>>> print(open('entry_5.pdb').read())   # PDB, N, CA, C and O atoms
MODEL        1
ATOM      1  N   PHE F 195     190.217 143.740 127.103  1.00  0.00           N
ATOM      2  CA  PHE F 195     189.204 144.521 126.404  1.00  0.00           C
ATOM      3  C   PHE F 195     188.323 143.697 125.473  1.00  0.00           C
ATOM      4  O   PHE F 195     187.226 144.150 125.130  1.00  0.00           O
ATOM      5  N   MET F 196     188.764 142.513 125.051  1.00  0.00           N
ATOM      6  CA  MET F 196     187.909 141.668 124.227  1.00  0.00           C
ATOM      7  C   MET F 196     186.735 141.129 125.041  1.00  0.00           C
ATOM      8  O   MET F 196     186.843 140.874 126.243  1.00  0.00           O
ATOM      9  N   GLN F 197     185.605 140.944 124.363  1.00  0.00           N
ATOM     10  CA  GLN F 197     184.350 140.612 125.022  1.00  0.00           C
ATOM     11  C   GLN F 197     184.211 139.106 125.196  1.00  0.00           C
ATOM     12  O   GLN F 197     184.372 138.343 124.237  1.00  0.00           O
ATOM     13  N   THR F 198     183.913 138.685 126.424  1.00  0.00           N
ATOM     14  CA  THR F 198     183.610 137.297 126.740  1.00  0.00           C
ATOM     15  C   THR F 198     182.279 137.266 127.474  1.00  0.00           C
ATOM     16  O   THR F 198     182.107 137.963 128.477  1.00  0.00           O
ATOM     17  N   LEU F 199     181.341 136.465 126.975  1.00  0.00           N
ATOM     18  CA  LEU F 199     179.979 136.445 127.492  1.00  0.00           C
ATOM     19  C   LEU F 199     179.850 135.399 128.594  1.00  0.00           C
ATOM     20  O   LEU F 199     180.383 134.292 128.479  1.00  0.00           O
ATOM     21  N   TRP F 200     179.135 135.754 129.663  1.00  0.00           N
ATOM     22  CA  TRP F 200     179.027 134.912 130.849  1.00  0.00           C
ATOM     23  C   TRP F 200     177.571 134.667 131.221  1.00  0.00           C
ATOM     24  O   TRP F 200     176.715 135.538 131.046  1.00  0.00           O
ATOM     25  N   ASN F 201     177.307 133.467 131.736  1.00  0.00           N
ATOM     26  CA  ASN F 201     176.015 133.084 132.291  1.00  0.00           C
ATOM     27  C   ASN F 201     176.060 133.138 133.814  1.00  0.00           C
ATOM     28  O   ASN F 201     177.084 132.826 134.431  1.00  0.00           O
ATOM     29  N   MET F 202     174.943 133.546 134.411  1.00  0.00           N
ATOM     30  CA  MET F 202     174.808 133.708 135.854  1.00  0.00           C
ATOM     31  C   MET F 202     173.732 132.735 136.326  1.00  0.00           C
ATOM     32  O   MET F 202     172.548 132.929 136.026  1.00  0.00           O
ATOM     33  N   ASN F 203     174.134 131.690 137.067  1.00  0.00           N
ATOM     34  CA  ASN F 203     173.242 130.549 137.313  1.00  0.00           C
ATOM     35  C   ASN F 203     173.263 130.266 138.813  1.00  0.00           C
ATOM     36  O   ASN F 203     174.352 130.155 139.403  1.00  0.00           O
ATOM     37  N   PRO F 204     172.094 130.121 139.451  1.00  0.00           N
ATOM     38  CA  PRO F 204     172.061 129.949 140.910  1.00  0.00           C
ATOM     39  C   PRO F 204     172.281 128.517 141.375  1.00  0.00           C
ATOM     40  O   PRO F 204     171.678 127.577 140.845  1.00  0.00           O
ATOM     41  N   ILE F 205     173.145 128.348 142.377  1.00  0.00           N
ATOM     42  CA  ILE F 205     173.334 127.040 142.995  1.00  0.00           C
ATOM     43  C   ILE F 205     172.290 126.804 144.080  1.00  0.00           C
ATOM     44  O   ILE F 205     171.693 125.723 144.160  1.00  0.00           O
ATOM     45  N   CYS F 206     172.039 127.809 144.915  1.00  0.00           N
ATOM     46  CA  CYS F 206     171.135 127.672 146.049  1.00  0.00           C
ATOM     47  C   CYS F 206     170.329 128.956 146.202  1.00  0.00           C
ATOM     48  O   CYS F 206     170.444 129.888 145.402  1.00  0.00           O
ATOM     49  N   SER F 207     169.506 128.992 147.244  1.00  0.00           N
ATOM     50  CA  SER F 207     168.620 130.118 147.512  1.00  0.00           C
ATOM     51  C   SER F 207     168.257 130.095 148.996  1.00  0.00           C
ATOM     52  O   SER F 207     168.917 129.418 149.793  1.00  0.00           O
ATOM     53  N   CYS F 208     167.227 130.859 149.365  1.00  0.00           N
ATOM     54  CA  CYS F 208     166.669 130.815 150.710  1.00  0.00           C
ATOM     55  C   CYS F 208     166.191 129.406 151.042  1.00  0.00           C
ATOM     56  O   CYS F 208     165.845 128.634 150.142  1.00  0.00           O
ATOM     57  N   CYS F 209     166.146 129.067 152.326  1.00  0.00           N
ATOM     58  CA  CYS F 209     165.884 127.690 152.712  1.00  0.00           C
ATOM     59  C   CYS F 209     165.077 127.665 153.999  1.00  0.00           C
ATOM     60  O   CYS F 209     165.260 128.520 154.871  1.00  0.00           O
ATOM     61  N   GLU F 210     164.183 126.685 154.102  1.00  0.00           N
ATOM     62  CA  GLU F 210     163.412 126.495 155.322  1.00  0.00           C
ATOM     63  C   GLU F 210     164.329 126.045 156.454  1.00  0.00           C
ATOM     64  O   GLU F 210     165.364 125.410 156.233  1.00  0.00           O
ATOM     65  N   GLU F 211     163.949 126.398 157.678  1.00  0.00           N
ATOM     66  CA  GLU F 211     164.762 126.080 158.842  1.00  0.00           C
ATOM     67  C   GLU F 211     164.719 124.588 159.144  1.00  0.00           C
ATOM     68  O   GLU F 211     163.670 123.944 159.044  1.00  0.00           O
ATOM     69  N   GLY F 212     165.873 124.042 159.522  1.00  0.00           N
ATOM     70  CA  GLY F 212     165.956 122.645 159.897  1.00  0.00           C
ATOM     71  C   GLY F 212     165.770 121.655 158.771  1.00  0.00           C
ATOM     72  O   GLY F 212     165.347 120.525 159.022  1.00  0.00           O
ATOM     73  N   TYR F 213     166.070 122.040 157.534  1.00  0.00           N
ATOM     74  CA  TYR F 213     165.884 121.178 156.374  1.00  0.00           C
ATOM     75  C   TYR F 213     167.230 120.915 155.716  1.00  0.00           C
ATOM     76  O   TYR F 213     167.968 121.856 155.404  1.00  0.00           O
ATOM     77  N   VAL F 214     167.544 119.638 155.511  1.00  0.00           N
ATOM     78  CA  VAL F 214     168.824 119.241 154.937  1.00  0.00           C
ATOM     79  C   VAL F 214     168.749 119.356 153.420  1.00  0.00           C
ATOM     80  O   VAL F 214     167.820 118.839 152.789  1.00  0.00           O
ATOM     81  N   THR F 215     169.720 120.051 152.834  1.00  0.00           N
ATOM     82  CA  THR F 215     169.833 120.206 151.392  1.00  0.00           C
ATOM     83  C   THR F 215     171.182 119.672 150.927  1.00  0.00           C
ATOM     84  O   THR F 215     172.020 119.245 151.726  1.00  0.00           O
ATOM     85  N   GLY F 216     171.388 119.696 149.612  1.00  0.00           N
ATOM     86  CA  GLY F 216     172.652 119.247 149.051  1.00  0.00           C
ATOM     87  C   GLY F 216     173.749 120.286 149.237  1.00  0.00           C
ATOM     88  O   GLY F 216     173.510 121.493 149.193  1.00  0.00           O
ATOM     89  N   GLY F 217     174.972 119.795 149.442  1.00  0.00           N
ATOM     90  CA  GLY F 217     176.141 120.637 149.570  1.00  0.00           C
ATOM     91  C   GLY F 217     176.640 120.844 150.985  1.00  0.00           C
ATOM     92  O   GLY F 217     177.772 121.312 151.159  1.00  0.00           O
ATOM     93  N   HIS F 218     175.843 120.513 151.996  1.00  0.00           N
ATOM     94  CA  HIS F 218     176.267 120.687 153.378  1.00  0.00           C
ATOM     95  C   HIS F 218     177.196 119.562 153.818  1.00  0.00           C
ATOM     96  O   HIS F 218     177.189 118.460 153.259  1.00  0.00           O
ATOM     97  N   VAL F 219     178.004 119.855 154.833  1.00  0.00           N
ATOM     98  CA  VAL F 219     178.916 118.889 155.433  1.00  0.00           C
ATOM     99  C   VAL F 219     178.333 118.450 156.769  1.00  0.00           C
ATOM    100  O   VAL F 219     177.928 119.289 157.584  1.00  0.00           O
ATOM    101  N   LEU F 220     178.293 117.140 156.998  1.00  0.00           N
ATOM    102  CA  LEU F 220     177.660 116.595 158.188  1.00  0.00           C
ATOM    103  C   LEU F 220     178.495 115.435 158.706  1.00  0.00           C
ATOM    104  O   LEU F 220     179.528 115.076 158.136  1.00  0.00           O
ATOM    105  N   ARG F 221     178.030 114.855 159.807  1.00  0.00           N
ATOM    106  CA  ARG F 221     178.557 113.605 160.331  1.00  0.00           C
ATOM    107  C   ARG F 221     177.480 112.536 160.203  1.00  0.00           C
ATOM    108  O   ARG F 221     176.347 112.735 160.652  1.00  0.00           O
ATOM    109  N   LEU F 222     177.832 111.407 159.592  1.00  0.00           N
ATOM    110  CA  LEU F 222     176.898 110.302 159.394  1.00  0.00           C
ATOM    111  C   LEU F 222     177.014 109.364 160.588  1.00  0.00           C
ATOM    112  O   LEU F 222     177.981 108.604 160.698  1.00  0.00           O
ATOM    113  N   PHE F 223     176.024 109.420 161.478  1.00  0.00           N
ATOM    114  CA  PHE F 223     176.017 108.652 162.718  1.00  0.00           C
ATOM    115  C   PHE F 223     175.006 107.519 162.590  1.00  0.00           C
ATOM    116  O   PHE F 223     173.799 107.763 162.480  1.00  0.00           O
ATOM    117  N   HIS F 224     175.501 106.285 162.607  1.00  0.00           N
ATOM    118  CA  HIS F 224     174.667 105.091 162.606  1.00  0.00           C
ATOM    119  C   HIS F 224     174.831 104.386 163.944  1.00  0.00           C
ATOM    120  O   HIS F 224     175.953 104.041 164.330  1.00  0.00           O
ATOM    121  N   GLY F 225     173.727 104.174 164.644  1.00  0.00           N
ATOM    122  CA  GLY F 225     173.761 103.490 165.914  1.00  0.00           C
ATOM    123  C   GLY F 225     172.779 104.111 166.879  1.00  0.00           C
ATOM    124  O   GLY F 225     171.836 104.790 166.479  1.00  0.00           O
ATOM    125  N   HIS F 226     173.014 103.871 168.168  1.00  0.00           N
ATOM    126  CA  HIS F 226     172.126 104.346 169.223  1.00  0.00           C
ATOM    127  C   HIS F 226     172.688 105.546 169.975  1.00  0.00           C
ATOM    128  O   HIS F 226     172.018 106.577 170.080  1.00  0.00           O
ATOM    129  N   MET F 227     173.906 105.436 170.509  1.00  0.00           N
ATOM    130  CA  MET F 227     174.474 106.482 171.349  1.00  0.00           C
ATOM    131  C   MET F 227     175.664 107.182 170.703  1.00  0.00           C
ATOM    132  O   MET F 227     175.645 108.406 170.548  1.00  0.00           O
ATOM    133  N   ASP F 228     176.707 106.441 170.320  1.00  0.00           N
ATOM    134  CA  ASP F 228     177.917 107.076 169.785  1.00  0.00           C
ATOM    135  C   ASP F 228     178.593 106.105 168.813  1.00  0.00           C
ATOM    136  O   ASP F 228     179.354 105.227 169.224  1.00  0.00           O
ATOM    137  N   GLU F 229     178.308 106.283 167.524  1.00  0.00           N
ATOM    138  CA  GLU F 229     179.000 105.558 166.465  1.00  0.00           C
ATOM    139  C   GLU F 229     178.819 106.325 165.163  1.00  0.00           C
ATOM    140  O   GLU F 229     177.763 106.914 164.921  1.00  0.00           O
ATOM    141  N   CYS F 230     179.859 106.318 164.331  1.00  0.00           N
ATOM    142  CA  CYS F 230     179.805 107.002 163.047  1.00  0.00           C
ATOM    143  C   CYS F 230     180.711 106.292 162.051  1.00  0.00           C
ATOM    144  O   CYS F 230     181.669 105.611 162.424  1.00  0.00           O
ATOM    145  N   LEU F 231     180.399 106.471 160.768  1.00  0.00           N
ATOM    146  CA  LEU F 231     181.221 105.920 159.697  1.00  0.00           C
ATOM    147  C   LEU F 231     182.432 106.819 159.485  1.00  0.00           C
ATOM    148  O   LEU F 231     182.288 107.981 159.089  1.00  0.00           O
ATOM    149  N   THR F 232     183.624 106.283 159.744  1.00  0.00           N
ATOM    150  CA  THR F 232     184.858 107.054 159.737  1.00  0.00           C
ATOM    151  C   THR F 232     185.875 106.413 158.802  1.00  0.00           C
ATOM    152  O   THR F 232     185.695 105.297 158.305  1.00  0.00           O
ATOM    153  N   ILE F 233     186.954 107.152 158.566  1.00  0.00           N
ATOM    154  CA  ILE F 233     188.105 106.670 157.821  1.00  0.00           C
ATOM    155  C   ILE F 233     189.216 106.404 158.834  1.00  0.00           C
ATOM    156  O   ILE F 233     189.291 107.044 159.888  1.00  0.00           O
ATOM    157  N   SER F 234     190.065 105.419 158.521  1.00  0.00           N
ATOM    158  CA  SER F 234     191.161 105.031 159.403  1.00  0.00           C
ATOM    159  C   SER F 234     192.089 106.209 159.681  1.00  0.00           C
ATOM    160  O   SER F 234     192.154 107.176 158.916  1.00  0.00           O
ATOM    161  N   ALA F 235     192.819 106.114 160.791  1.00  0.00           N
ATOM    162  CA  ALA F 235     193.630 107.218 161.281  1.00  0.00           C
ATOM    163  C   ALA F 235     194.827 107.468 160.362  1.00  0.00           C
ATOM    164  O   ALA F 235     195.043 106.775 159.363  1.00  0.00           O
ATOM    165  N   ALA F 236     195.606 108.491 160.714  1.00  0.00           N
ATOM    166  CA  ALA F 236     196.779 108.867 159.934  1.00  0.00           C
ATOM    167  C   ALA F 236     197.805 107.741 159.921  1.00  0.00           C
ATOM    168  O   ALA F 236     198.079 107.126 160.958  1.00  0.00           O
ATOM    169  N   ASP F 237     198.354 107.471 158.734  1.00  0.00           N
ATOM    170  CA  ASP F 237     199.337 106.407 158.495  1.00  0.00           C
ATOM    171  C   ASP F 237     198.680 105.078 158.851  1.00  0.00           C
ATOM    172  O   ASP F 237     197.645 104.751 158.244  1.00  0.00           O
ATOM    173  N   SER F 238     199.232 104.289 159.777  1.00  0.00           N
ATOM    174  CA  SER F 238     198.701 103.009 160.247  1.00  0.00           C
ATOM    175  C   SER F 238     198.632 101.953 159.150  1.00  0.00           C
ATOM    176  O   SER F 238     197.946 100.936 159.325  1.00  0.00           O
ATOM    177  N   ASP F 239     199.298 102.179 158.014  1.00  0.00           N
ATOM    178  CA  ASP F 239     199.433 101.250 156.892  1.00  0.00           C
ATOM    179  C   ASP F 239     198.103 100.887 156.234  1.00  0.00           C
ATOM    180  O   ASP F 239     198.067  99.989 155.385  1.00  0.00           O
ATOM    181  N   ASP F 240     197.007 101.557 156.599  1.00  0.00           N
ATOM    182  CA  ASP F 240     195.716 101.256 155.994  1.00  0.00           C
ATOM    183  C   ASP F 240     195.544 101.931 154.639  1.00  0.00           C
ATOM    184  O   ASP F 240     194.655 101.538 153.874  1.00  0.00           O
ATOM    185  N   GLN F 241     196.365 102.943 154.338  1.00  0.00           N
ATOM    186  CA  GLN F 241     196.316 103.780 153.137  1.00  0.00           C
ATOM    187  C   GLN F 241     195.037 104.599 153.032  1.00  0.00           C
ATOM    188  O   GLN F 241     194.783 105.199 151.978  1.00  0.00           O
ATOM    189  N   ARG F 242     194.225 104.642 154.094  1.00  0.00           N
ATOM    190  CA  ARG F 242     193.011 105.454 154.194  1.00  0.00           C
ATOM    191  C   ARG F 242     191.994 105.149 153.097  1.00  0.00           C
ATOM    192  O   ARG F 242     191.178 106.008 152.754  1.00  0.00           O
ATOM    193  N   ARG F 243     192.023 103.942 152.532  1.00  0.00           N
ATOM    194  CA  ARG F 243     191.109 103.578 151.458  1.00  0.00           C
ATOM    195  C   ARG F 243     189.886 102.802 151.929  1.00  0.00           C
ATOM    196  O   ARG F 243     188.929 102.668 151.158  1.00  0.00           O
TER     197      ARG F 243
ENDMDL
END
>>> encode(input="entry_5.pdb", output="structure tokens")
Amino acid sequence: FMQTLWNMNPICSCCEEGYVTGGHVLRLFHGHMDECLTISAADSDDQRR
């Protein structure tokens, strides 16, 4: 019942089609046909760093 005041602040809004904005998840592909920046596989002693 005690009053706590809150702010309402927008992160995003409507967006033009085919335009990349912040917050989306993508695949970063560098090369010609098939290559991407990846992290090492599970275990394999690389520690995924």
>>> atom_distance(input="entry_5.pdb", atom1="atom CA of residue 230 of chain F", atom2="atom CA of residue 243 of chain F")
16.5 Å
>>> atom_distance(input="entry_5.pdb", atom1="atom C of residue 211 of chain F", atom2="atom O of residue 232 of chain F")
28.5 Å
>>> atom_distance(input="entry_5.pdb", atom1="atom O of residue 231 of chain F", atom2="atom N of residue 219 of chain F")
13.3 Å
>>> axis_aligned_box(input="entry_5.pdb", around="segment 227-240 of chain F", padding_each_side="5 Å", output="AutoDock Vina command-line options")
--center_x 186.7 --center_y 104.4 --center_z 162.6 --size_x 35.5 --size_y 18.9 --size_z 27.5
>>> decode(input="entry_5.pdb", residues="chain F", atoms="C-alpha atoms", output="compact mmCIF listing (two decimals), in the first residue's frame")
# COMPACT_ATOMS: atom_id res chain seq x y z
CA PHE F 195 0.00 0.00 0.00
CA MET F 196 2.94 2.41 0.34
CA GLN F 197 3.50 4.60 -2.71
CA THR F 198 6.49 4.05 -5.01
CA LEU F 199 6.85 6.32 -8.04
CA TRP F 200 7.86 4.87 -11.41
CA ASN F 201 9.16 6.22 -14.72
CA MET F 202 7.99 4.82 -18.07
CA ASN F 203 10.76 5.07 -20.68
CA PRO F 204 10.80 3.63 -24.23
CA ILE F 205 13.55 1.31 -25.44
CA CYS F 206 12.32 1.00 -29.04
CA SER F 207 9.46 1.94 -31.36
CA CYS F 208 8.18 1.34 -34.90
CA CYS F 209 10.94 0.65 -37.40
CA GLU F 210 11.54 0.83 -41.14
CA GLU F 211 11.67 -2.48 -42.98
CA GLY F 212 15.06 -4.07 -43.56
CA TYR F 213 16.93 -1.71 -41.20
CA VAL F 214 19.33 -3.01 -38.55
CA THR F 215 18.91 -1.47 -35.09
CA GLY F 216 20.44 -2.08 -31.68
CA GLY F 217 19.38 -5.08 -29.60
CA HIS F 218 18.89 -7.65 -32.37
CA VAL F 219 20.70 -10.99 -32.50
CA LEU F 220 22.50 -11.82 -35.74
CA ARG F 221 25.29 -13.89 -37.26
CA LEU F 222 28.48 -12.01 -38.15
CA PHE F 223 29.61 -13.50 -41.47
CA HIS F 224 33.00 -12.39 -42.83
CA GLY F 225 34.08 -13.85 -46.15
CA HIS F 226 32.66 -14.76 -49.54
CA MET F 227 30.55 -17.93 -49.29
CA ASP F 228 30.52 -19.53 -45.81
CA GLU F 229 32.54 -18.19 -42.87
CA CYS F 230 31.61 -16.58 -39.56
CA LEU F 231 33.23 -15.47 -36.31
CA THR F 232 32.50 -18.26 -33.82
CA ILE F 233 33.46 -19.48 -30.36
CA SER F 234 35.21 -22.83 -29.85
CA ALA F 235 33.09 -25.93 -29.33
CA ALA F 236 31.96 -27.45 -26.03
CA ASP F 237 34.84 -28.45 -23.71
CA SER F 238 37.91 -29.10 -25.97
CA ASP F 239 40.13 -27.46 -23.27
CA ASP F 240 39.84 -24.06 -24.98
CA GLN F 241 37.75 -22.66 -22.05
CA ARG F 242 35.62 -20.84 -24.69
CA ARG F 243 37.60 -17.61 -24.16
